[PDB]
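A.B. asks: Here it is, the structure, as C-alpha cells.
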Amino acid sequence: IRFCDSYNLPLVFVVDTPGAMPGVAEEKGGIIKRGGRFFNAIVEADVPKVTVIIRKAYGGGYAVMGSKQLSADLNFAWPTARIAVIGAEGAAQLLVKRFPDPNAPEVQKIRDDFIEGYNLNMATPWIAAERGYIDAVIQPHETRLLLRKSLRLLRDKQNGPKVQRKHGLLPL
Amino acid sequence: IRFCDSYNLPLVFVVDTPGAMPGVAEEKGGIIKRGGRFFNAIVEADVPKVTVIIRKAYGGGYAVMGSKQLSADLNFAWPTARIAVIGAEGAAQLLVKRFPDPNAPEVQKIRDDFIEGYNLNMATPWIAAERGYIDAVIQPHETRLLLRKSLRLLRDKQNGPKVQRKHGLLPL
Amino acid sequence: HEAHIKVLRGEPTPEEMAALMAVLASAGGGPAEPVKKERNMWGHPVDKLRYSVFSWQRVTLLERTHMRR
Ligand SMILES: CCC/C=C/C=C/C/C=C/CCCCCCCCCC(=O)SCCNC(=O)CCNC(=O)[C@H](O)C(C)(C)COP(=O)(O)OP(=O)(O)OC[C@H]1O[C@@H](n2cnc3c(N)ncnc32)[C@H](O)[C@@H]1OP(=O)(O)O
Ligand SMILES: CCC/C=C/C=C/C/C=C/CCCCCCCCCC(=O)SCCNC(=O)CCNC(=O)[C@H](O)C(C)(C)COP(=O)(O)OP(=O)(O)OC[C@H]1O[C@@H](n2cnc3c(N)ncnc32)[C@H](O)[C@@H]1OP(=O)(O)O
C-alpha cells in the first residue's frame, strides 16, 4: 500500500476475510503491531481507494480492508457479503459458554437456531447498506464497469484536509 | 529515532557494539529488514546527530550507530575506540579457515600474534581518524562540554538538499 | 527556593548593608515590564527567499518558521 501510494496507483480492495489470525504464535509473532501498520498504511495513503466485498468481512478484516470509516472512497458489496463484528460460529460460542456443557441437546438446538437467525440478520450486507457504511450492493457482473466509472470519477482525488509535517509516525 | 526526529530532539549516539547479532534464530527473526529500518531511520532523521564512540564499533555497528557516512554531523571517539570491519577474533578465525588444522600447536600461536597485531594496527581509532571518518579523538572528560559546544553549533541545522514528496518508503 | 544574594567576607553594619543594597537596587536597570513581545511576521526574512518548488526547506524552514509559536 505504501509503495502504491508513493507511485500514485489507485488501490482496489477485494475483501473476503475472517480478520486477524488467532493464537499465541501469531501474538508472539507481533500481529498487533503488524495489523497496526496495515491500518496505518491504509489511512496514510492518498490515492483513490475502492473496495469490493465478497462474502466475509468480519471485525478487523472489515475495518482494515479499505473500510469507508478508514477513508476508503467508494465501497461496494456483492449480495453474498457478510459484514459483522464476528461470524456466527464465534458469536454462538460466546453465547453458549454462558450455559453449561452441551450435554443436553437443547444447547445444540439453541446454537443451530441462533446461527441461522444470525446468518439471516446480523451477518448480512443489509445493515451496512441501511446505515450507509457501504455505498451500494451490486450484482457481481457490474463490478468491472463500475470500477471503471468509479476510478474515472476519482482520477483527480485530492486527499485532505491534512497537515503537512516531516512525516507520519508508524508503529515499529 | 523517528519519534525524536518528529519532535526535533537532537540525537546523541554512544556507540559500543560488535554489530548485528549472529544466529539462525536472529536471521529468521527478520534481522535484515529490522536492521534496514534502523539504517533508514538514521538517514531519514533531519535533527542534529552527534556521535561518541566508546570501545567497540565494528562493521554494521559502526555504520548504523550514527557514522559520518550515514549523515551524522559530528563524530568523536574516545582513545579506547576500535573501528574495523570485524573484531580481531573474527578476522583471526577468517584466516584460520585457511590451513584449518586447529589441533595443531603453531596455529594457536600465530592466532595470538595476529590478534596482537590486529588490535595494535587495525582495530583502533587511528585509521578512521587519519582518513577523517571521525572528526576528533578526545580525552573522555571532554565529552560533556564538547557535546554542549557541538549541539549549540548545530542548534539551527537545516538538512538538505532533499526532494519533498509524499513520503520516504522504508523496509516493511 | 529562590536564589538569594550572598555576602561572603566580613559583615557590614546595617547602614553599610542599606547602602550596598540601595546602590545595587539602583543598578537594577531594565524595561520595567518584561513580557512576551507582540508577534508580527510581516516581511519576515523567510518569506523573501527563493525555494525550489520541491525544496524540503519549505517544510523545515518556511512552514516551521510561520507555525512555531
Ligand atoms: C503527514 C500525514 C501523516 C499521516 C499518518 C496517518 C496515520 C494514522 C493511521 C490510523 C490507524 C487506524 C487505527 C485502527 C482502526 C480501527 C480498527 C479496529 C476495529 C476492529 O478491528 S474490531 C475487532 C473485532 N472485535 C472483537 O473481537 C471483540 C470481542 N471478541 C473477542 O474475541 C475478544 O477477545 C474479547 C476478549 C473482548 C471477548 O471476550 P470478553 O467479551 O472479554 O468476555 P465474556 O464474553 O466472557 O464476558 C461476558 C460478556 O457477557 C456480558 N456480561 C454479563 N455479565 C457480566 C459480568 N459480570 N462481567 C462481564 N461481562 C458480563 C458482557 O457482554 C460481557 O462481555 P464484555 O464485558 O463486553 O467483554
Ligand atoms: C525522506 C526520505 C528519506 C529515506 C532515506 C532512507 C534510506 C537510507 C538507507 C541506508 C542504508 C545503509 C547501508 C549500510 C551498509 C552496512 C554496513 C556494511 C559493513 C558491514 O556490516 S560488514 C562487510 C561484509 N564483510 C564482512 O563482514 C566480513 C566477515 N564475513 C562474514 O560475516 C560472512 O562469513 C561472509 C559470508 C560475508 C563471508 O563469506 P566468504 O568467507 O567470503 O566465502 P567463502 O570462503 O565460502 O569463499 C570465498 C573466499 O574463499 C576463497 N574461495 C572459496 N571457494 C573458492 C572457489 N571455488 N574458487 C576461488 N576462490 C574460492 C576466495 O578467495 C574468497 O576469499 P574472501 O574470504 O572472500 O576474501
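For the C-alpha cells, the naming scheme is as follows: chains receive sequential letters (A, B, ...) according to their order of presentation, residues are indexed from 1 within each chain, and ligands are indexed from 1 in presentation order.
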Residues of chain A within 8 Å of chain C, counting only C-alpha atoms - could you list those as a list in words?
C.D. replies: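 Listing them in order of chain and number gives residues 164, 165 and 166 of chain A.
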A.B. asks: Just the selected residues (N, CA, C and O atoms), exported as a tab-separated table (two decimals), in the first residue's frame, please.
C.D. replies:
chain	number	residue	atom	x	y	z
A	164	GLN	N	0.54	19.17	6.66
A	164	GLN	CA	1.90	18.84	6.26
A	164	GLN	C	2.86	18.90	7.43
A	164	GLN	O	2.77	19.78	8.30
A	165	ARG	N	3.80	17.96	7.45
A	165	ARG	CA	4.79	17.81	8.50
A	165	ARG	C	5.87	16.87	7.99
A	165	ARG	O	5.73	16.27	6.92
A	166	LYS	N	6.96	16.77	8.75
A	166	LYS	CA	8.07	15.92	8.34
A	166	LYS	C	7.61	14.53	7.91
A	166	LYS	O	7.90	14.09	6.79
A.B. asks: Show me, as a list in words, the residues of chain A whose atoms get within 9 Å of chain B, using only C-alpha atoms for the distance check.
C.D. replies: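 Applying the cut-off to the listed atoms yields residues 2, 3, 5, 6, 46, 165, 166, 167, 168, 169 and 170 of chain A.
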A.B. asks: In Å, how far is it from CA of residue 24 in chain A to CA of residue 35 in chain B?
C.D. replies: 25.4 Å
A.B. asks: Please extract the residues at most 8 Å from ligand 1, counting only C-alpha atoms and all ligand atoms, and provide them as number ranges by chain, using the chain letters and residue numbers of this document.
C.D. replies: A: 19, 36-37, 39-45, 58-64, 70, 85-86, 90, 94-95, 97-98, 162-170
A.B. asks: Keeping C-alpha atoms for every residue in the selection just given, could you write it to a file as a PDB file, in the first residue's frame?
C.D. replies:
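Wrote it out as result-v4.pdb, contents follow:
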ATOM      1  CA  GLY A  19      -9.944 -10.947  10.136  1.00  0.00           C
ATOM      2  CA  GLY A  36      -1.408  -1.551  13.318  1.00  0.00           C
ATOM      3  CA  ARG A  37       0.994  -0.879  10.442  1.00  0.00           C
ATOM      4  CA  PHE A  39      -4.168   0.178   9.391  1.00  0.00           C
ATOM      5  CA  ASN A  40      -1.602   2.982   9.325  1.00  0.00           C
ATOM      6  CA  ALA A  41      -0.682   2.451   5.679  1.00  0.00           C
ATOM      7  CA  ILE A  42      -4.324   2.320   4.558  1.00  0.00           C
ATOM      8  CA  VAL A  43      -5.193   5.558   6.339  1.00  0.00           C
ATOM      9  CA  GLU A  44      -1.943   7.238   5.256  1.00  0.00           C
ATOM     10  CA  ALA A  45      -2.365   6.572   1.552  1.00  0.00           C
ATOM     11  CA  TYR A  58     -15.664  -9.634  10.000  1.00  0.00           C
ATOM     12  CA  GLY A  59     -14.152  -7.384  12.641  1.00  0.00           C
ATOM     13  CA  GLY A  60     -10.721  -6.031  11.906  1.00  0.00           C
ATOM     14  CA  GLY A  61     -10.933  -7.626   8.488  1.00  0.00           C
ATOM     15  CA  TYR A  62     -13.793  -5.314   7.584  1.00  0.00           C
ATOM     16  CA  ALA A  63     -12.033  -2.345   9.140  1.00  0.00           C
ATOM     17  CA  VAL A  64      -8.575  -2.860   7.624  1.00  0.00           C
ATOM     18  CA  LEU A  70     -10.791   4.222   7.239  1.00  0.00           C
ATOM     19  CA  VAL A  85     -18.010  -7.922  14.337  1.00  0.00           C
ATOM     20  CA  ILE A  86     -17.674 -11.723  14.362  1.00  0.00           C
ATOM     21  CA  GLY A  90     -17.897 -17.209  17.103  1.00  0.00           C
ATOM     22  CA  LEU A  94     -19.726 -16.633  23.214  1.00  0.00           C
ATOM     23  CA  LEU A  95     -23.446 -17.233  23.682  1.00  0.00           C
ATOM     24  CA  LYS A  97     -20.327 -20.511  27.037  1.00  0.00           C
ATOM     25  CA  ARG A  98     -22.884 -18.844  29.347  1.00  0.00           C
ATOM     26  CA  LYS A 162      -4.151  17.052   6.004  1.00  0.00           C
ATOM     27  CA  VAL A 163      -1.493  18.953   7.952  1.00  0.00           C
ATOM     28  CA  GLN A 164       1.896  18.844   6.255  1.00  0.00           C
ATOM     29  CA  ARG A 165       4.787  17.812   8.505  1.00  0.00           C
ATOM     30  CA  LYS A 166       8.070  15.915   8.344  1.00  0.00           C
ATOM     31  CA  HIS A 167       6.313  12.545   8.380  1.00  0.00           C
ATOM     32  CA  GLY A 168       3.586  10.482   9.966  1.00  0.00           C
ATOM     33  CA  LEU A 169       4.906   8.142  12.631  1.00  0.00           C
ATOM     34  CA  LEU A 170       4.367   4.413  12.225  1.00  0.00           C
TER      35      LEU A 170
END
A.B. asks: If we count only C-alpha atoms, what is near residue 83 in chain A at a cut-off of 6 Å, once residues fewer than 6 positions away on the same chain are taken out, given as a compact mmCIF listing (two decimals) with C-alpha atoms, in the first residue's frame?
C.D. replies:
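selection_21.txt, written as the output of this step:
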# COMPACT_ATOMS: atom_id res chain seq x y z
CA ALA A 57 -15.93 -9.03 6.26
CA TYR A 58 -15.66 -9.63 10.00
CA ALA A 123 -24.20 -11.19 9.25
CA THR A 124 -25.57 -9.68 6.05
A.B. asks: I'd like to know which of B:16, B:119, B:112, B:159 is closest to ligand 2, using only C-alpha atoms and all ligand atoms.
C.D. replies: B:159
A.B. asks: Would you list the contacts of residue 74 in chain A as an MDAnalysis selection string, taking every protein, DNA or RNA residue within 8 Å and counting only C-alpha atoms, but skipping same-chain residues closer than 6 positions in sequence?
C.D. replies: chainID A and resid 49:51 68 134:135 150
A.B. asks: Please identify all polymer residues within 10 Å of residue 141 in chain A, counting only C-alpha atoms, omitting same-chain residues fewer than 4 positions from it, and present them as number ranges by chain.
C.D. replies: A: 78, 145-146
A.B. asks: Quick one: superpose chain A onto chain B using all C-alpha atoms paired in order, least squares, and give it to me as a tab-separated table (two decimals) with C-alpha atoms, in the first residue's frame.
C.D. replies:
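The new file result11.tsv reads:
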chain	number	residue	atom	x	y	z
A	1	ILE	CA	14.84	7.93	16.17
A	2	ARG	CA	11.75	8.67	14.07
A	3	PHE	CA	9.92	10.02	17.14
A	4	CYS	CA	12.83	12.26	18.11
A	5	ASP	CA	13.08	13.53	14.54
A	6	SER	CA	9.36	14.33	14.48
A	7	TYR	CA	9.74	16.38	17.69
A	8	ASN	CA	13.10	17.94	16.71
A	9	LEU	CA	15.22	16.49	19.52
A	10	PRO	CA	18.94	16.28	18.71
A	11	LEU	CA	20.22	12.69	18.62
A	12	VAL	CA	23.27	11.60	20.63
A	13	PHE	CA	24.71	8.18	19.76
A	14	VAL	CA	26.94	6.38	22.28
A	15	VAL	CA	28.50	3.46	20.45
A	16	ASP	CA	29.93	0.26	21.89
A	17	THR	CA	28.82	-2.71	19.81
A	18	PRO	CA	30.01	-5.73	17.79
A	19	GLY	CA	27.14	-5.09	15.37
A	20	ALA	CA	24.18	-7.24	14.44
A	21	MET	CA	23.46	-10.50	16.22
A	22	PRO	CA	24.51	-13.69	14.43
A	23	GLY	CA	22.30	-16.73	14.16
A	24	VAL	CA	19.43	-18.54	12.50
A	25	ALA	CA	16.90	-17.45	15.12
A	26	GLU	CA	17.69	-13.78	14.47
A	27	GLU	CA	17.71	-14.30	10.70
A	28	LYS	CA	14.26	-15.88	10.87
A	29	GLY	CA	13.36	-13.11	13.32
A	30	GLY	CA	13.97	-10.62	10.52
A	31	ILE	CA	17.27	-8.95	11.42
A	32	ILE	CA	17.91	-7.88	7.80
A	33	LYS	CA	14.73	-5.79	7.59
A	34	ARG	CA	14.90	-4.50	11.16
A	35	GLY	CA	18.46	-3.34	10.60
A	36	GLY	CA	17.37	-1.88	7.27
A	37	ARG	CA	14.71	0.13	9.10
A	38	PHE	CA	17.25	1.32	11.67
A	39	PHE	CA	19.53	2.47	8.84
A	40	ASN	CA	16.53	4.11	7.17
A	41	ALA	CA	15.47	6.01	10.28
A	42	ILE	CA	19.00	7.28	10.96
A	43	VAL	CA	19.43	8.58	7.42
A	44	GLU	CA	15.88	9.97	7.31
A	45	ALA	CA	16.16	12.04	10.46
A	46	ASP	CA	16.87	15.75	9.97
A	47	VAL	CA	17.81	16.70	13.56
A	48	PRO	CA	21.41	17.28	14.71
A	49	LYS	CA	23.24	13.95	15.01
A	50	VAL	CA	26.30	13.70	17.29
A	51	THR	CA	28.22	10.49	17.98
A	52	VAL	CA	30.63	9.41	20.73
A	53	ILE	CA	32.40	6.05	20.32
A	54	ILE	CA	33.40	4.00	23.39
A	55	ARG	CA	35.43	0.90	22.49
A	56	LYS	CA	33.89	-1.35	19.86
A	57	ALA	CA	32.45	-0.09	16.55
A	58	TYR	CA	32.54	-3.08	14.21
A	59	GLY	CA	30.85	-3.48	10.85
A	60	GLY	CA	27.19	-2.59	10.71
A	61	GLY	CA	27.45	-1.42	14.29
A	62	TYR	CA	29.81	1.35	13.23
A	63	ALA	CA	27.68	2.15	10.20
A	64	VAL	CA	24.26	2.21	11.89
A	65	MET	CA	25.29	3.94	15.14
A	66	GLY	CA	25.36	7.39	13.57
A	67	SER	CA	28.33	6.99	11.26
A	68	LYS	CA	29.45	10.13	9.47
A	69	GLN	CA	28.87	8.25	6.22
A	70	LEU	CA	25.22	7.96	7.28
A	71	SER	CA	24.93	11.76	7.66
A	72	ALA	CA	25.89	12.12	11.32
A	73	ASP	CA	27.06	15.68	11.82
A	74	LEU	CA	29.93	15.38	14.32
A	75	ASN	CA	31.71	12.18	15.34
A	76	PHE	CA	34.11	11.78	18.25
A	77	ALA	CA	35.89	8.74	19.63
A	78	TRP	CA	37.46	8.02	22.97
A	79	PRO	CA	41.02	6.67	22.64
A	80	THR	CA	39.69	3.21	23.56
A	81	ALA	CA	37.62	3.07	20.36
A	82	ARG	CA	38.10	0.21	17.90
A	83	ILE	CA	36.59	0.87	14.46
A	84	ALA	CA	36.73	-2.06	12.07
A	85	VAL	CA	34.84	-4.35	9.71
A	86	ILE	CA	35.16	-7.17	12.26
A	87	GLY	CA	36.84	-7.75	15.58
A	88	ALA	CA	40.19	-9.46	15.87
A	89	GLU	CA	38.76	-12.82	16.94
A	90	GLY	CA	36.49	-12.93	13.89
A	91	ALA	CA	39.28	-11.98	11.52
A	92	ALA	CA	41.43	-14.64	13.20
A	93	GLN	CA	38.80	-17.30	12.54
A	94	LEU	CA	38.60	-16.30	8.87
A	95	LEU	CA	42.39	-16.42	8.69
A	96	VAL	CA	42.85	-19.74	10.49
A	97	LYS	CA	40.10	-21.56	8.61
A	98	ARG	CA	42.48	-21.47	5.61
A	99	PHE	CA	44.83	-23.72	7.62
A	100	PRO	CA	44.11	-27.24	8.88
A	101	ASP	CA	42.83	-27.78	12.40
A	102	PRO	CA	45.02	-26.35	15.20
A	103	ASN	CA	46.59	-29.72	16.02
A	104	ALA	CA	49.97	-28.03	15.55
A	105	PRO	CA	50.36	-25.20	18.11
A	106	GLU	CA	51.91	-23.10	15.35
A	107	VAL	CA	48.27	-22.43	14.43
A	108	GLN	CA	47.47	-21.21	17.95
A	109	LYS	CA	50.64	-19.10	17.95
A	110	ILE	CA	49.72	-17.55	14.59
A	111	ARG	CA	46.26	-16.69	15.91
A	112	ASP	CA	47.73	-15.05	19.02
A	113	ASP	CA	50.27	-13.01	17.01
A	114	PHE	CA	47.69	-11.98	14.43
A	115	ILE	CA	45.22	-10.88	17.10
A	116	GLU	CA	47.85	-8.73	18.84
A	117	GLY	CA	48.93	-7.11	15.57
A	118	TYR	CA	45.31	-6.51	14.60
A	119	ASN	CA	44.46	-4.94	17.96
A	120	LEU	CA	47.52	-2.72	17.50
A	121	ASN	CA	46.70	-1.62	13.96
A	122	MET	CA	43.40	-2.28	12.17
A	123	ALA	CA	41.15	-2.25	15.25
A	124	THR	CA	42.02	1.22	16.52
A	125	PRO	CA	40.72	4.83	16.35
A	126	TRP	CA	43.71	5.93	14.35
A	127	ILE	CA	42.82	4.77	10.83
A	128	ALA	CA	39.38	6.39	11.00
A	129	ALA	CA	41.00	9.53	12.40
A	130	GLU	CA	43.68	9.57	9.68
A	131	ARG	CA	40.98	9.22	7.02
A	132	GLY	CA	38.64	11.72	8.68
A	133	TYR	CA	35.79	9.29	9.19
A	134	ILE	CA	35.70	10.62	12.76
A	135	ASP	CA	36.35	14.29	13.47
A	136	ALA	CA	38.37	13.96	16.67
A	137	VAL	CA	39.71	11.56	19.26
A	138	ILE	CA	38.99	13.18	22.61
A	139	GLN	CA	39.89	12.64	26.22
A	140	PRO	CA	36.81	11.16	27.94
A	141	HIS	CA	36.46	14.09	30.37
A	142	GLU	CA	35.96	16.50	27.43
A	143	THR	CA	32.73	14.77	26.35
A	144	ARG	CA	30.14	16.77	28.33
A	145	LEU	CA	31.34	20.25	27.39
A	146	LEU	CA	32.15	19.16	23.85
A	147	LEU	CA	28.55	17.96	23.45
A	148	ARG	CA	27.38	21.37	24.66
A	149	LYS	CA	29.60	23.19	22.14
A	150	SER	CA	28.63	20.85	19.30
A	151	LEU	CA	24.88	21.09	19.82
A	152	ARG	CA	25.07	24.86	20.22
A	153	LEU	CA	26.72	24.94	16.81
A	154	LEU	CA	24.17	22.52	15.31
A	155	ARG	CA	21.14	24.27	16.86
A	156	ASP	CA	19.93	25.71	13.51
A	157	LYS	CA	20.82	22.73	11.28
A	158	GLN	CA	18.92	22.65	7.98
A	159	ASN	CA	19.15	19.20	6.37
A	160	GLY	CA	19.52	19.22	2.60
A	161	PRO	CA	19.45	19.24	-0.30
A	162	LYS	CA	16.44	16.93	0.03
A	163	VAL	CA	13.63	16.55	-2.51
A	164	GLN	CA	10.20	17.03	-0.96
A	165	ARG	CA	7.69	14.29	-1.75
A	166	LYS	CA	4.77	12.47	-0.14
A	167	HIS	CA	7.07	10.31	1.98
A	168	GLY	CA	10.20	8.21	2.01
A	169	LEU	CA	9.48	4.51	1.69
A	170	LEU	CA	10.61	2.18	4.46
A	171	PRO	CA	11.54	-1.53	4.55
A	172	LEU	CA	8.40	-3.37	5.61
A.B. asks: Residues of range 19-60 of chain C in helix (DSSP H, G or I) according to DSSP, as a VMD selection string?
C.D. replies: chain C and resid 19 to 27 45 to 47 57 to 60
